[PDB]
Amino acid sequence: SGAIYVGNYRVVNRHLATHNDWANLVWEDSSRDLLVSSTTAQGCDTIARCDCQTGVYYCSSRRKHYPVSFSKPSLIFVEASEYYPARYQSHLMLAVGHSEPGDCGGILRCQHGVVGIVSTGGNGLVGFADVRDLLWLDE
Ligand SMILES: CN(C)C(=O)c1ccc(F)cc1Br
Ligand SMILES: [Zn+2]
């Protein structure tokens, strides 16, 4: 699990979104595994605005941050899961690293701030849902 909190926005894996998230829906994209909901408290996180392909992500199944190289956000075929059928996930970034289902919502960070959140894994790869394109998260 895990979320990004920026201004009055909460960014979560669409597949981990609660009833409060859906009751306070701002925007959801099933093909990206993202849902944003509205919050009352002000969030302290900064979204990266950049095209970094290096950063650090939190891996809850190792209680460890790992530095990774990651591919630019693209449309990648992702196999069926405990939460989805096999489909093209959009705006997805892969790196070589450890990811289990419960690692979803781990944050990937570069020097500019938050890049995205763990969304996919398996076969020694970790997939991160990019958020850097969502400029509206910052006003
Ligand atoms: C077989 N497979 C794809 C996994 O166990 C997996 C790994 C990480 C993740 F975030 C989601 C899943 Br589903
Ligand atoms: Zn960056």
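Residues numbered from 1 in each chain as written, not as in the entry; some residues may be left out. Chains lettered and ligands numbered in written order. Heavy atoms only, no water.

For this deposited structure, the header cites X-ray crystallography as the method used and 1.61 Å as the resolution.

1. Let's talk about the packing of aromatic side chains
For clarity, the cut-off: Each pair of aromatic rings taken from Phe, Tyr and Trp, with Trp reduced to its six-membered ring, is defined by centres within 6.5 Å and is described as stacked if the planes are under 30 degrees apart, edge-to-face if over 60, and tilted in the remaining cases. Each helix corresponds to a stretch of at least 4 residues labelled H or I by DSSP, and each strand to a stretch of at least 2 residues labelled E; elements are numbered beginning at the N terminus. When a residue's accessible area, from a 1.4 Å probe over protein chains only, is under 20% of the maximum for its type it is buried; when over 50% it is exposed; and in between it is partly exposed.
This structure, assessed with the given rule, holds six aromatic pairs. An angle of 75 degrees between the planes, with centres 5.8 Å apart, marks the rings of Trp27 and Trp136 as edge-to-face. Of this pair, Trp27 sits in strand β2 (residues 25–29) while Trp136 sits in the segment after β10 (125–130), and the two are 109 residues apart along the sequence. Taking the relative accessible area as the measure of exposure, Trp27 reaches 23% and is therefore partly exposed. Accessibility expressed as a relative area gives 28% for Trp136, which makes it partly exposed.

2. With respect to the site of ligand 1
What counts is decided by this rule: A single heavy atom is enough: if one lies within 4 Å of a molecule or strand, its residue is considered near that molecule or strand. Note on areas: Shrake-Rupley, 1.4 Å probe, and residue coverage restricted to the protein chains presented here. We call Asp, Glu, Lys and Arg charged. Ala, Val, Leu, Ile, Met, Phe, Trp, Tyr, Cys and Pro are nonpolar, and the rest, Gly among them, are polar.
Taken together, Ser81, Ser99, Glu100, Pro101, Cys104, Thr120, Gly121 and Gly122 make up all the residues around ligand 1. For ligand 1, whose free accessible area comes to 360 Å², the fraction covered by protein is 64%. In the shell around ligand 1, the residues fall into two nonpolar, five polar and one charged.

3. Comments concerning the domain arrangement of the protein chain
How big an interface is tends to be stated in terms of the accessible area lost upon association of its parts. Keep this limit in mind: Domain segmentation is taken from an automatic or database assignment of domains. Note on contacts: a residue pair is in contact if any heavy atoms of the two residues lie within 4.5 Å. Once two parts are joined, some of their accessible surface, as seen by a 1.4 Å probe, is lost; buried area is that loss totalled over both.
Assigned domains within the protein chain: domain 1 (3–44) and domain 2 (45–139). Put simply, the middle of domain 1 and the middle of domain 2, counted by C-alpha atoms, are 16 Å apart. At the junction of the two partners, domain 1 supplies 21 residues and domain 2 supplies 26 residues. Counting the surface domain 1 buries against domain 2, the share from its top three residues, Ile4, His15 and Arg32, is 35%.

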